[PDB]
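A.B. asks: My structure is below; once you've seen it, I'll send some questions.
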Amino acid sequence: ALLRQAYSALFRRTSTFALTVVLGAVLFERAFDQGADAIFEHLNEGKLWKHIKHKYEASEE
Amino acid sequence: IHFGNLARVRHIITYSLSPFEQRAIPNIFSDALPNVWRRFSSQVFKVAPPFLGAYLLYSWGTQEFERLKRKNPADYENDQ
Amino acid sequence: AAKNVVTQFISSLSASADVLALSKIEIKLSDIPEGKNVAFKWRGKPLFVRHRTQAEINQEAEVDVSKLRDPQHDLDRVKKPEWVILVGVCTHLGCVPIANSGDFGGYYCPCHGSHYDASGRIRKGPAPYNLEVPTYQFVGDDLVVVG
Amino acid sequence: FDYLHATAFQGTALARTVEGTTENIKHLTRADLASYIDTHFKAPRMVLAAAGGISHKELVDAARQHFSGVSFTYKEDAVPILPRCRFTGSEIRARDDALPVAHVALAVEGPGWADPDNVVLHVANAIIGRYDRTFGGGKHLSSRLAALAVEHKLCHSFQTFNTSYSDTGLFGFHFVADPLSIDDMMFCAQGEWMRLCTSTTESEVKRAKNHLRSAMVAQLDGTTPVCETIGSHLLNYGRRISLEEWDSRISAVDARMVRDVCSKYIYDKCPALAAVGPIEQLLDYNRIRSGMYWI
Amino acid sequence: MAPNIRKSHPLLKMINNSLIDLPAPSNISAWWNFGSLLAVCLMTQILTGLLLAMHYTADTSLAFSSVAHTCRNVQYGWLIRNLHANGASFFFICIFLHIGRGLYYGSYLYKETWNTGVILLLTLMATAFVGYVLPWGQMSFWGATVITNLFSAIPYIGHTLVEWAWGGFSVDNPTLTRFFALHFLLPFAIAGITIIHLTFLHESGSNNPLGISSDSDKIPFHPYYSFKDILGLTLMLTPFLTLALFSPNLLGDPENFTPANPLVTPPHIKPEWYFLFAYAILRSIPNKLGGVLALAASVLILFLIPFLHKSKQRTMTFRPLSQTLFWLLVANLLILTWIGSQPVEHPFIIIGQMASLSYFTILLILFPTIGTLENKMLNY
Amino acid sequence: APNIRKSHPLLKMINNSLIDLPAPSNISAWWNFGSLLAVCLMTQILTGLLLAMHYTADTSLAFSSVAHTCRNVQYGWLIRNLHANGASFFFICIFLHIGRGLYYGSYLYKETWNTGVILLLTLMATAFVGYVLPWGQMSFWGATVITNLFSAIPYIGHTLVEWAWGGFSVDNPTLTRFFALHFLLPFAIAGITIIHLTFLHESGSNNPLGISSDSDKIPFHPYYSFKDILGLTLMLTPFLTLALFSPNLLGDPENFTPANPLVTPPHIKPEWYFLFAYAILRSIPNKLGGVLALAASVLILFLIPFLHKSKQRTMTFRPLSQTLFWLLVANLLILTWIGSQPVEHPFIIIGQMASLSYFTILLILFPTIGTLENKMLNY
Ligand code: HEM
Ligand code: HEM
Ligand code: HEM
Ligand code: HEM
Ligand SMILES: CO/C=C(/C(=O)OC)c1ccccc1COc1nc2ccc(C)cc2nc1C(F)(F)F
Ligand SMILES: CO/C=C(/C(=O)OC)c1ccccc1COc1nc2ccc(C)cc2nc1C(F)(F)F
Ligand code: FES
């Protein structure tokens, strides 16, 4: 019963609730960003510099 | 201070439940939607009419304007 | 949401891309002959990069100055021997010392005297400190990246 | 209080008034009354209590004599356990601006006779105490809420209560105040409740216990009140609990304990509210609800 | 003293008596969400404006490029620029619904709140007008030139006021620098007057969709309307941002990506969408002065609505005749808008004169009339 | 409400703060500065707008745009004069406003006092950025020297600085953001001034004797409206006289020379109103310690309310405190003077003393003498 556990540990005391929101944000950012860039780049395979970069990055002249 | 001087009220009872005992969005299909339709129905004929009458005017004038750009072959028949 | 938007706006106030473009300067050491000094403009002010000959790490590195004005002890913050990098601005009243003469072979600020030896140090004159030495490196030896 | 019950336990047995309904009184039958007595007034569900200068043996003798009828089946000696009553965080507001003063009663669900926590709860109530405009102590009363009540003229009176039942209960407070001071009173009251869950001092408890001790002793002043105690104790605790035992329990209570017990029953709970009279200035359940957290 | 420091404190008492314990009608709809949005919008425009002003240069030789430099070089300068220009639009979309709501539900009966509302509208319009000149593109210059040139049609005091306003003989640098100053200034006056707006309002309290006393059912602004308003914000904000980030140049004129040139008049000089309806009414009356007057009145007419109320009921909720007339008026405005974006040629010219004519007719004649008629149909 | 001055939501305001507002019957001329400060503020804003309309925030045009304003704009020179000198008048007035409050223990009205301090800081920052606008030599080096002090705050040093400058040195990006701040801050001042007066009105004005004036209050108008208008013209005459007859009396001539990053002026010193702080700044040789000393020289004002030990409110009946007070005032003329003098003996030591005495008088002597005085009254 997570709802119950979560309520007693996280949402009960306003002090732990705020502390939860912070670590929640910290973790959520890291995750939301990676996933977002991952989606964006995948949708644009081979068009970004990141992709065509190898062709001139120490592989020319 | 506006709470307490507002109105003279008598013999009215009200009952309410904590939000934690009830459903946030209850009866979506049996109540919600039916009313959404009820509401939509009662207004459509007051609102829609003039907007539609405008779409027409818009559509006409836009075309009637383009038509005046095309040429009338009856100005170059006596050109031989 | 808040953290990002606030970040974005705060960033708006820091150096723009054009300003950053003049942040660092990379000089070619493989084009500066011995003794002869060369001045490059870096961040509006002059930048001195001299190629110390043989009689400069000798005739200007033996300076027997006890209580040297500006406490500049070479081992503290300097690198390459035949290479001396300075900010061509007199610490007196911001005049650009001339590497030409210099009563001590180093530099001379034609504003109020201030003779700086060939080590970027104030000797005879008014200027209090020694011609400041900036940040850099030789990631690519034939190249020094100031800024 | 009837409205408090009517809503706190809406849809259940405890939601009814003791006097019953108008319709019932108008139509109850000679039958129904007979049926009630027959169905309910039975030996295993009764207790003969006596207090004063009487001989137990002499008493029990007389009992056997006029308390005849013995049971045959097993159903006749079975004491039925009642269907539990569901508590509901809600409110009923009976408004009539023509009434002189407003009545407000707010409460959370209590444990029920059996639970040892009831001791602590009563100690708690002892800290908040009670008050009314004829208390000579005035601005010096030890009860913080009584003090404020005097300083800011918050109410005509207020009282805390820990109404216990077999399997449930109501722990709250009730106050009477002028139409224009309801808000502040409620505010200060809920305040004191939060103080209970979060900052009660050993000083406050020391006094609370002494007040509670004197209170329990006062409930045994005469034969009728001692008889009432015996009758109820057996009926509710299945035996008698002496002043010597009670006092032990009471002495065990400390700040730390009161905080934990009150937090357990009060903090972040959905209360039941009953308001009667010129109640415009008291408002929104939501606002009352937020008063249930953060000292 | 007072028990809770929210009632006694000379400042927290203010935040409280207008955003926390403030009595609001239990039934105001989402059309009552625009006031807060307008406010938030305003705070937003000011913030993004300051950020842009810190990289701008009010000079004809640097204006166009300073903005280009801001977008191209400043960290997130492009984003801040987008939000500001598009924020101005959001601002107007919000303000037009704010007004609409008020017309439909008879809020204008709160005369002072209403009259200050009108002043806010005008100030906002002048603000966007001067702000539009800042990037100094072709439309910035010709819009400025064409519009400010109308004043010379005023009698005598005209030809003067113009060259006084311009600071010269034509829209030039002196005009630009004084426009930056005004644009930087007016927003604060808006904030100022907004305070007055809310003060008058609070005397009476909010009106509500049925137009009947809500005294029997008031509720604390918080959490009811704080949550409702915050939700209303995110709801609007999604399309604002969507259009902003995915179609940046949807609303803008491409003629403004070309540095102002006094020797090249653009083919079609037209304002931003929010001024089109007024442009249409301006051009409807051929005669420099009469067109100016018609434009003036198209907005100043708002000061008259309070006096052309004849109904015995406050809102239009229960007045079917007024409702359609109302929606006719709304649709009348889309038409003027459309006309405003079309060149001055048949059939547009005549459609335009009609729409204008109908616009003033509906407000000055039909509305007051239908209200009277409706009172008789209720046997009043 | 019979008279539309009591009922109207707006005329009720103008009335309840300038017409029927109860004022002590005996407040002296030292109570005239609040209104002057106000009028001054509306004046600075008006002349500022007039100048901003001909200014160009760019390093290549700043100096000349101001020159163009004085030389070509109709009455541009006059508007320019009034603005720069108005900034002085503003400070002269604000310093007396403060003194008055220190002498008559007005700071006991804590919120009114704390907002007063905030107004002072805002006003100082305002004049600081405004000074940079003409982009002369003192404008550039003043900006350079002072903003460079922040890099002395370990860790986030060079950071906050290069962030504030928008680059590696005071340059164009710094200029344009300063114009924006200078155009903005004054409105915040007006804003906060409203708050200032709100808190004040809770209690009402204090008075020279420091005793309840409830037994003798009088309508702000016509008493104080006339008294304040007179107080205005009195001050205005010298302001204008000095302005129109000795325009460049207060200004540094080094600012008639376009800023130059390759030429540090011989003597970098602020306008008169900052001198005392400049003196305390250098009094402590050690970049960080000097900054902290400067900071506290002003932030100390937030402490006065807590170092009041006297049982009487004002200094009207406390001869010991009076002289100590005047010692303090004179202590400030000294710091001022020192601030305008180069860093050389005897100045350096005179300076360190005056600084030392300054904090000593406020933190030690004042609270002490007050205690001592209570016992001399047998209290
Ligand atoms: C700077 C722009 C404006 C701001 C910041 C603003 C703000 C507000 C706010 C916050 C409200 C209360 C909530 C609501 O009902 O939306 C309000 C109400 C109102 N405003 Fe505005 N407003 C603005 C412009 C105007 C305009 C242009 C008009 C009309 C010409 C106006 C007319 C009203 C009226 C009449 C009300 C009463 C609403 C009611 O209760 O029926 N406002 N406004
Ligand atoms: C009521 C608030 C405001 C409105 C309606 C508004 C509107 C506008 C408009 C329409 C423009 C032209 C946008 C475009 O490029 O198409 C603009 C530009 C600008 N505004 Fe504002 N503005 C407001 C407040 C401010 C404030 C407070 C400042 C200054 C602190 C500011 C500074 C600027 C600047 C620097 C520009 C020029 C750069 C650019 O074109 O993006 N604005 N403003
Ligand atoms: C923007 C600058 C300021 C303005 C516009 C301003 C305005 C006013 C006004 C109009 C008054 C009432 C009349 C008077 O006593 O002079 C006043 C009173 C007062 N102000 Fe200020 N003030 C300013 C700055 C300050 C400062 C810097 C302080 C002190 C740190 C301060 C402290 C006070 C106090 C304590 C009073 C009470 C006066 C009394 O004893 O009755 N003010 N101010
Ligand atoms: C609290 C009010 C203000 C103060 C204390 C103040 C102070 C100053 C100062 C010290 C200067 C430099 C004067 C000089 O030596 O040349 C200045 C310049 C300037 N100020 Fe202000 N100012 C105020 C308000 C304003 C406002 C509201 C604006 C804009 C609307 C403004 C616009 C300017 C401009 C354009 C300059 C540059 C031209 C010049 O140097 O004369 N000021 N201000
Ligand atoms: C500097 O000019 C700015 C224009 C603009 O659209 O600003 C957002 C602009 C551009 C092209 C053509 C016209 C304009 C400005 O138009 C108006 N600008 C107006 C500004 C204030 C007021 C009260 C009314 C206005 N009416 C109009 C109208 F559209 F009716 F001509
Ligand atoms: C952009 O610089 C402007 C100066 C000025 O005099 O402003 C009118 C200026 C000129 C030369 C040297 C120093 C300054 C500014 O000085 C200060 N400026 C200050 C501005 C705000 C605050 C809170 C304290 C300040 N302290 C000082 C101090 F004098 F102590 F260094
Ligand atoms: S500036 Fe170099 S000697 Fe003076």
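We place every Cβ from the backbone using ideal geometry, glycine too, and count neighbours over all the protein chains shown. Since every read-out is calculated from the coordinates, none of them should be taken as a lab result.
A.B. asks: Calculate the length of the line joining the C-alpha centroid of the range E:272-301 to that of the range C:1-80, in whole Å.
C.D. replies: 64
A.B. asks: Which ordering of E:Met1, F:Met42, D:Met216 is given by a fewest-first count of other beta-carbon atoms within 10 Å?
C.D. replies: On the way: E:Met1 7, F:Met42 11, D:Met216 15.
Going from sparsest to densest Cβ surroundings: E:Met1, F:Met42, D:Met216.
A.B. asks: Between C:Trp42 and residues 5 or more places away or on another chain, which pairs have amide H atoms under 5 Å apart, with H built 1.01 Å from N, and which residues are they?
C.D. replies: So C:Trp42 has HN proximity to C:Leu47.
A.B. asks: Peptide B:14-26: average number of partner chain Cβ atoms within 10 Å per residue?
C.D. replies: Details: counts 7, 7, 10, 8, 14, 5, 5, 6, 2, 0, 0, 0, 0.
Per residue, the number of nearby Cβ atoms from other chains is 5 on average.
A.B. asks: Treating cross-link reach as a plain straight distance, find the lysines whose alpha-carbon is under 21 Å from the alpha-carbon of E:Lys312, omitting any fewer than eight places away in the same chain.
C.D. replies: Excluding near neighbours in sequence, the set is E:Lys111, E:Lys376.
A.B. asks: So what is the relative contact order for chain E, in percent, with contacts set as C-alpha pairs under 8 Å and at least six apart?
C.D. replies: Value for chain E: 22 percent.
A.B. asks: Where does each of D:188-196, C:8-16 land if you order them by average Cβ count within 10 Å, highest first?
C.D. replies: D:188-196, C:8-16
A.B. asks: So, in Å, what gap is there between the alpha-carbon centers of the range B:28-80 and the range F:167-228?
C.D. replies: 60
A.B. asks: Next up: Which cross-chain or sequence-distant (5 or more) residues have an amide H under 5 Å from the amide H of D:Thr163, H modelled 1.01 Å from N in plane?
C.D. replies: Sorted by chain and number, the residues that satisfy this are D:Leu170, D:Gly172.
A.B. asks: Pull up all non-local amide H partners of C:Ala127: gap of 5 or more, or a different chain, and H-to-H distance under 5 Å with H placed in the peptide plane.
C.D. replies: When sequence neighbours closer than 5 places are left aside, the close amide H contacts are C:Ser114.
A.B. asks: So which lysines pass the test for F:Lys217, namely a Cα distance under 30 Å, with those fewer than 8 places away in the same chain ruled out?
C.D. replies: E:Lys7, E:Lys13, F:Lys6, F:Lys12, F:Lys110, F:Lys227, F:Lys309, F:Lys311
A.B. asks: Report ³J(HN,Hα) in whole Hz for each residue of the range E:116-132, in order, from the Karplus equation J = 6.51 cos²θ - 1.76 cosθ + 1.60 where θ = phi - 60°; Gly and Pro get x.
C.D. replies: Rounded to whole hertz, the list is 6, x, 4, 4, 4, 4, 4, 4, 4, 5, 5, 4, 5, 4, 5, x, 5.
A.B. asks: Using the charge dipole of the range D:184-295 (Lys, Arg: +1 at Cβ; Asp, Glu: -1 at Cβ; taken about the Cα centre), state which of D:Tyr293, D:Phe187, D:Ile279 has its Cα farthest towards the positive end.
C.D. replies: The one lying farthest along the dipole's positive direction is D:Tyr293.
A.B. asks: About the Cα centre of chain F, what is the dipole size in debye to 20, counting +1 per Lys and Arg Cβ and -1 per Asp and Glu Cβ, all else neutral?
C.D. replies: The calculation lands at about 700 debye.
A.B. asks: With each pseudo-label sitting 7 Å past Cα toward Cβ, what's the F:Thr371-E:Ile365 distance in nm, one decimal?
C.D. replies: About 8.9 nm, to one decimal.
A.B. asks: Which entries of B:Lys71/E:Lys288; B:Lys46/B:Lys69; D:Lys57/D:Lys206; D:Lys206/D:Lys264 have Cα-Cα distances beyond 32 Å here?
C.D. replies: B:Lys71/E:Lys288; B:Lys46/B:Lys69; D:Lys57/D:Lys206
A.B. asks: I would also like to ask the following. Run the reach check for C:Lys36 against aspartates and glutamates, Cα to Cα strictly under 18 Å, same-chain hits fewer than 8 apart removed. What comes back?
C.D. replies: C:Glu56, C:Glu60, C:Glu82, C:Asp103, C:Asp117, C:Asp142
A.B. asks: Additional query: Which whole-Hz couplings ³J(HN,Hα) result when phi for each residue of the range E:266-274 is put into the Karplus expression 6.51 cos²θ - 1.76 cosθ + 1.60, θ = phi - 60°, listed in order with x for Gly and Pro?
C.D. replies: For the range E:266-274, the Karplus-derived couplings read x, x, 10, 7, 9, x, 6, 2, 5 Hz, x marking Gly and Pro.
A.B. asks: Turning to a different aspect of this structure: Have a look at E:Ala278, E:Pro23, E:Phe307 and report the one farthest towards the positive end of the charge dipole of the range E:2-380, computed about the Cα centre with Cβ charges (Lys/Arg +1, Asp/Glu -1).
C.D. replies: E:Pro23
A.B. asks: Another question, if that's okay. For a Förster distance of 51 Å, can you work out the FRET efficiency between the beta-carbons of B:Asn27 and D:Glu76, rounded to the nearest 0.05?
C.D. replies: With a Förster radius of 51 Å, E is 0.60.
A.B. asks: What is the spin-label model distance, in nm, from D:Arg144 to C:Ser11 if the labels are put 7 Å beyond Cα along the C-beta direction?
C.D. replies: Simple spin-label model gives 4.8 nm for this pair.
A.B. asks: I want to check the label-to-label distance for B:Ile13 and D:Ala63. Put each point 7 Å from Cα in the C-beta direction and report it in nm to one decimal.
C.D. replies: Taking the two extended label points, one gets 4.3 nm.
A.B. asks: Still on this structure, please answer the following. Using the Cα centre as the reference, give the magnitude of the dipole from point charges on the C-beta atoms of the range F:257-379 (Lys, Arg: +1; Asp, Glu: -1; all else neutral), rounded to the nearest 20 debye.
C.D. replies: Roughly 400 debye for the range F:257-379.
A.B. asks: With +1 on each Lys and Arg Cβ and -1 on each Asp and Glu Cβ, how big is the dipole of the range E:1-113 about its Cα centre, in debye rounded to the nearest 20?
C.D. replies: That gives a dipole near 200 debye.
A.B. asks: What's the extension gain from D:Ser214 to D:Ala94 if we count 0.36 nm per residue and subtract their Cα-Cα distance?
C.D. replies: Length difference between fully extended and current span is 39.5 nm.
A.B. asks: Can you sort F:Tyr379, E:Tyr225 by how many other beta carbons sit within 10 Å, fewest first?
C.D. replies: Values: F:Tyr379 9, E:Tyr225 21.
Arranged by neighbour count, lowest to highest, F:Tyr379, E:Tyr225 become F:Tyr379, E:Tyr225.
A.B. asks: Sticking with this structure for a sec: Give me the distance between the Cα centres of the range D:65-116 and the range E:317-343, rounded to whole Å.
C.D. replies: 64
A.B. asks: Which of the peptides E:170-176, E:194-200 is most tightly packed, and how do the rest follow, judged by the mean count of other Cβ atoms within 10 Å per residue?
C.D. replies: In decreasing order of mean packing, E:170-176, E:194-200 become E:170-176, E:194-200.
A.B. asks: How shielded is F:166-177 by partner chains, expressed as the average number of their Cβ atoms within 10 Å of its Cβ atoms?
C.D. replies: Partner Cβ neighbours, averaged per residue: 5.
A.B. asks: Continuing with the same structure: Would you work out which of C:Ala55, C:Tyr108, C:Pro81 lies farthest towards the positive end of the dipole of the range C:50-147? Charges go on Cβ: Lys and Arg +1, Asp and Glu -1.
C.D. replies: C:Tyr108
A.B. asks: May I pose another question? What number does the protein assembly as shown give for Rg over Rh if you use C-alpha atoms and the Kirkwood radius?
C.D. replies: Rg/Rh: 1.04.
A.B. asks: Here is a follow-up. On the principal axes of its Cα set, how long, how wide and how thick is chain A? Give whole Å, largest value first.
C.D. replies: Result for chain A: principal-axis Cα extents of 65, 19, 13 Å.
A.B. asks: Taking each residue of C:13-25 in turn, how many C-beta atoms of other protein chains fall within 10 Å of its C-beta, and what is the average? Spell out each step's value before the answer.
C.D. replies: Numbers: counts 11, 10, 10, 11, 6, 6, 10, 4, 1, 2, 2, 0, 0.
So the per-residue partner count for this stretch is 6.
A.B. asks: Under the Karplus relation 6.51 cos²θ - 1.76 cosθ + 1.60, θ = phi - 60°, what is the ordered set of whole-Hz ³J(HN,Hα) values for the range C:91-102, x standing for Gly and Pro?
C.D. replies: Whole-Hz 3J(HN,Hα) from phi for the range C:91-102: 7, 7, 10, x, 9, 8, x, 9, 6, 4, 6, x.
A.B. asks: Here is a follow-up. Give the shape of chain E as rounded, prolate or oblate, defined through the alpha-carbon gyration tensor: a ≥ b ≥ c are the square roots of its eigenvalues, a/c under 1.5 means rounded, and otherwise the shape is prolate if a/b is larger than b/c and oblate if not. Numbers along the way, then the final one.
C.D. replies: Values: a/c = 1.98, a/b = 1.25, b/c = 1.58.
Since a/c reaches 1.5 but b/c is at least a/b, the shape of chain E is classed as oblate.
A.B. asks: Taking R0 as 60 Å, what FRET efficiency do you get between E:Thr265 and F:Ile211 from their Cβ-Cβ distance, rounded to the nearest 0.05? Show your work: numbers first, answer last.
C.D. replies: On the way: r = 76 Å, r/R0 = 1.26.
The value I calculate is 0.20.
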